[PDB]
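Next comes just one chain, in structure tokens: the form deposited in one PDB entry.
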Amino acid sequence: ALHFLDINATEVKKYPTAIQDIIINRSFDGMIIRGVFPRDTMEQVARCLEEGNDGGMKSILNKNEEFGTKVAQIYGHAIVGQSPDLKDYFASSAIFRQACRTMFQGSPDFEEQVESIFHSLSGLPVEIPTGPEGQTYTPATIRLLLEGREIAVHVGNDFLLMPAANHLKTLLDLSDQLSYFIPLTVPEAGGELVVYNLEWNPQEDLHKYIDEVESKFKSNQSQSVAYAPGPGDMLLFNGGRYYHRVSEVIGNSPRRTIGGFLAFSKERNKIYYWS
């Protein structure tokens, strides 16, 4: 039942209602957009991180050691699992934007490239949502997935019913939250995005959430598709509706991705993207 599209970033303007078709029409569920960022740009950013000349990106690195092998280490705080006050979230968001802008060196700039992609797929203006006191949300976060580590099965729409999304929920339309990511570094094997035909149910603590989803996902039978995008390719899929995960990274070479989420504004006149 799951349908994805394999298109190049040079033909995004040929699909002007893509985001509309996934969220509202539900005619197709995912999109793999090849060559959004060049391979050299992805190599240079990855090299900036591992060497430490990252514009202070390492200062907002969350090892997530309190969890198991079923989560990624993350550069900046992701909205998921944050406390409802968002004080730490908003401070890391500002550090992220600056450090990310520095690493990309406008070759192309991460924020404007991605925004021009979401705008090409909608025809609507693309913005990073603002907090209650005018603070910026982070446009994305960098997920570092080491050997033996994976991103455990979850569904995206569950996140907008959590206390951290209390303010953001009021800015968005009552519809499916899309999920996006672009690999910086890809592993030798593993680190695949496995998407299941299984759907989110409204009436059905991150440590508790991981254990709850896994126990319910255990019983249910579903169809699966696997995607391993290359460095610079965008994977824009209905992560809000469909249960998905990232398989165990095989080999010494780690998996590094820059991504987040996107959903329509209350009046469907704007696109909001964050992490």
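Sequential numbering from 1, following the sequence displayed.
According to the entry, the stretch of the deposited sequence that connects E204 to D205 contains 4 to 9 residues lacking coordinates, which leaves a gap of moderate length in the model. Set 168 to 176 against 89 to 97 and average the Cα temperature factors; 168 to 176 ends up higher. The mean C-alpha temperature factor is higher for 194 to 202 when 194 to 202 and 138 to 146 are set side by side. In the PDB entry, the Cα temperature factor peaks, among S247, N238, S59, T41, at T41.
In this PDB entry, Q73 carries a Cα temperature factor that places it within the lowest third of its chain's modelled residues. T257: CA B factor lies in the lowest third for its chain, per the PDB record. Placement of the Cα temperature factor of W274 within the chain: lowest third of the modelled residues, per the deposited record. In the PDB entry, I117 places in the middle third of its chain by CA B-factor. For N157, the recorded CA B-factor ranks within the lowest third of the chain. Only modelled residues enter the ranking.
The same protein also has a form solved in complex with a small molecule, omitted here; what follows describes it.
When the small molecule is considered in the bound PDB entry, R149 lies well away from it, no heavy atom lying within 4.5 Å. At the 4.5 Å threshold, heavy atoms of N64 reach the small molecule in the bound PDB entry. In the bound PDB entry, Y209 approaches the small molecule with a heavy atom inside 4.5 Å. When the small molecule is considered in the bound PDB entry, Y89 lies well away from it, no heavy atom lying within 4.5 Å. A single residue from the set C100, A140, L121, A72 has any heavy atom within 4.5 angstroms of the small molecule in the bound PDB entry; that residue is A72. Checked against the small molecule in the bound PDB entry, the residues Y196, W200, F104, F159 give one hit for a heavy atom within 4.5 Å, which is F159. Across the options 50 to 58, 25 to 33, 64 to 72, 217 to 225, residues that bring heavy atoms within 4.5 Å of the small molecule in the bound PDB entry belong to 64 to 72.
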